[PDB]
Structure formats: C-alpha cells, structure tokens
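What follows is each chain in one-letter form.
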Amino acid sequence: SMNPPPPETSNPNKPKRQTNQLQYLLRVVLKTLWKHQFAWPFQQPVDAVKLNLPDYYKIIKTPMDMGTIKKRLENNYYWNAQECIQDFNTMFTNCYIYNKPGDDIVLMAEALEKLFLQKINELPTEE
Ligand SMILES: COc1ccc2c(c1)C(c1ccc(Cl)cc1)=N[C@@H](CC(=O)Nc1ccc(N3CCC([N+](C)(C)C)CC3)cc1)c1nnc(C)n1-2
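Residues numbered from 1 in each chain as written, not as in the entry; some residues may be left out. Heavy atoms only, no water. Residues with missing side-chain atoms left out of burial classes, pairs and counts.

By the naming in the PDB entry, the protein is Bromodomain-containing protein 4, taken from Homo sapiens. In the PDB, the title recorded for this entry is "Crystal Structure of the first bromodomain of BRD4 in complex with RT56".

Take a look at the structure:
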C-alpha cells in the first residue's frame, strides 16, 4: 500500500561528469517534456497512497519519474548520456506495464515518448 523511499539523486561516492550530451539532455530533452500539457503525472514519484494504488510498488520494482531525472541532471549525478536515456525509458516502460492500451495515462506517456525520440535522434556527437 506506505510509499517506498524515492530513487537516489545524491551520492558523493559516485563519479560524475558534465558532457555536451548531458547538457543537451537537460536544456533540450528534459525542458521540452517538462513544459508539455501532459507532463504533470510524471513530474514526481508515483504517490501510491494519495492515488489509492496499493499494488503499484508490488508490480513496479524500478520506479522512475521526471522529477528524479531533473534533480539528477541539475546535480550532475550522471557519468554519461546512456544512464539518463535509460531513466527516461524506464519511466515510459513502467507506465505501459502498470496500465492498459488506450488508458488516458498511456496516451499521455505515448505523446511524451514521441517527443523524446525526436529529440534523442539529434543527440550531438560527444566532444
Ligand atoms: C499525480 O497524479 C498522477 C500521477 C501518476 C499517475 C497518474 C496520476 C494517473 C493518471 C490517470 C489519468 C489521467 Cl488523465 C492522468 C493521470 N494514472 C496512474 C494509474 C492510475 O491511477 N490507475 C487507475 C485506474 C483505474 C482506477 N479506477 C478505480 C475504481 C473506479 N470505480 C469507480 C470504483 C469503478 C474506476 C477507476 C483508478 C486508478 C499512473 N500510472 N502511471 C502514472 C505516472 N500514473
């Protein structure tokens, strides 16, 4: 039913960088999705208590959301772009696993994922 602790966004032991690709992921990819009309369900961890979803964290064992991704990018938590791309893909996949085709939340995830794919297609080569 209690929410779990959120995903990690701070860990001094983890080595960090700021690459041109990670800068693009913040300034282009995250900013584009965050401002969209369908962003709001994805701007923070799923609150299973307030939403009355007592089975959510039985089914979803690798939670992810754009609030967590925003904190990771603004904190320079990542070593490379692939780590961050994986977090976006985990967020979309969790939504499709929990819900059903044609549900409103699935239509919202599909619209955001289309934009994600259009932006990642022009990820710059690493300098
Ligand atoms: C802060 O609000 C959030 C956050 C995360 C998610 C959601 C909403 C939403 C969400 C849903 C629709 C729209 Cl338009 C937007 C969002 N979906 C949730 C998933 C959700 O809640 N599923 C859901 C489905 C059916 C019901 N029924 C309860 C019995 C009712 N009864 C009258 C007795 C017959 C019938 C309805 C209840 C819950 C979600 N999944 N990923 C994310 C992110 N989310």
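> Which residues make up the overall build of the protein, and what are the values?
Within the protein, the secondary structure is distributed over five helices and zero strands. Mapped in sequence order, the helices and strands of the protein form the string α-α-α-α-α. A compact globule built from 127 residues would reach a C-alpha radius of gyration of about 14 Å, and the protein, at 15 Å, matches this within 12%. Taking the principal axes of the C-alpha coordinates as reference, the protein spans close to 45 × 35 × 20 Å. (Helix = DSSP H or I, 4+ residues; strand = E, 2+ residues; numbered from the N terminus. Rg over C-alpha atoms; globule rule 2.2 N^0.38 Å.)

> Account for the site of the ligand, with residues named and values stated.
Near the ligand you find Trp40, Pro41, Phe42, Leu51, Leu53, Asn99, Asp104, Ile105 and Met108, and these make up its full shell. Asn99 places a side-chain nitrogen or oxygen 3.1 Å from a nitrogen atom of the ligand. Considered on its own, the ligand offers 900 Å² of accessible surface; in the complex 47% of this is hidden by protein. Across the shell around the ligand, the residue classes break down as seven nonpolar, one polar and one charged. (Near = heavy atom within 4 Å. Polar contact = N/O pair within 3.5 Å; in protein donor to acceptor, adjacent residues only side chain to side chain. Areas by Shrake-Rupley, 256 points an atom, 1.4 Å probe, with all protein chains shown as cover. Nonpolar A, V, L, I, M, F, W, Y, C, P; charged D, E, K, R; others polar.)

> Now, about the pattern of salt bridges: what can you tell me, with residues and values included?
For the structure shown, the criterion picks out four salt bridges. The shortest N-O distance in the salt bridge between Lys14 and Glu83 comes to 2.9 Å. Here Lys14, found in the segment before helix 1 (20-34), pairs with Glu83, found in helix 4 (residues 81-98); they are 69 residues apart in sequence, far enough to count as distant. Between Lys70 and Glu74 there is a salt bridge, and its shortest N-O distance comes to 3.1 Å. Of the two residues, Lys70 and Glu74 both sit in helix 3 (residues 66-74), four residues apart, roughly one turn of that helix. What makes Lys70 partly exposed here is its relative accessible area of 26%. (Salt bridge = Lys/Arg side-chain N within 4 Å of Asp/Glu carboxyl O. Buried < 20%, exposed > 50% of the residue type's maximum accessible area, 1.4 Å probe, protein only.)

> Can you lay out the packing of aromatic side chains for me, pointing to particular residues and giving the numbers?
Enumeration according to the criterion identifies five aromatic pairs in this entry. Consider the rings of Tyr77 and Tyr78, whose centres lie 6.0 Å apart with planes at 80°: the pair is edge-to-face. Grouping residues by exposure puts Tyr77 and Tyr78 together as buried. Site record: aromatic cluster; members linked through ring pairs are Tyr56, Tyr57 and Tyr98. Taking the ring centre of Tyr77 as reference, the NZ or CZ of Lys14 above it sits at 4.8 Å. Over the face of the ring belonging to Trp34 we find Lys70, whose NZ or CZ atom lies 5.6 Å from the ring centre. (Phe/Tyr/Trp six-rings, centres within 6.5 Å; stacked < 30°, edge-to-face > 60°. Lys NZ or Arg CZ within 6 Å of the ring centre and 35° of its normal.)

> Which residues make up the nonpolar core, and what are the values?
Counting 26 residues, the largest nonpolar core has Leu25 and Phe88 as its most contacted members. Taken together, the elements giving at least two residues each to this core come down to helix 1, helix 3, helix 4 and helix 5 (104-120). By residue number, the principal contributor to this core is helix 4, which donates seven residues. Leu25 has contacts with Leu30, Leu73, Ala81, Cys84, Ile85 and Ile120, leaving out every residue within four places of it along the chain. (Core = buried A, V, L, I, M, F, W, Y, C linked by side-chain atoms within 4.5 Å. Contact = heavy atoms within 4.5 Å.)

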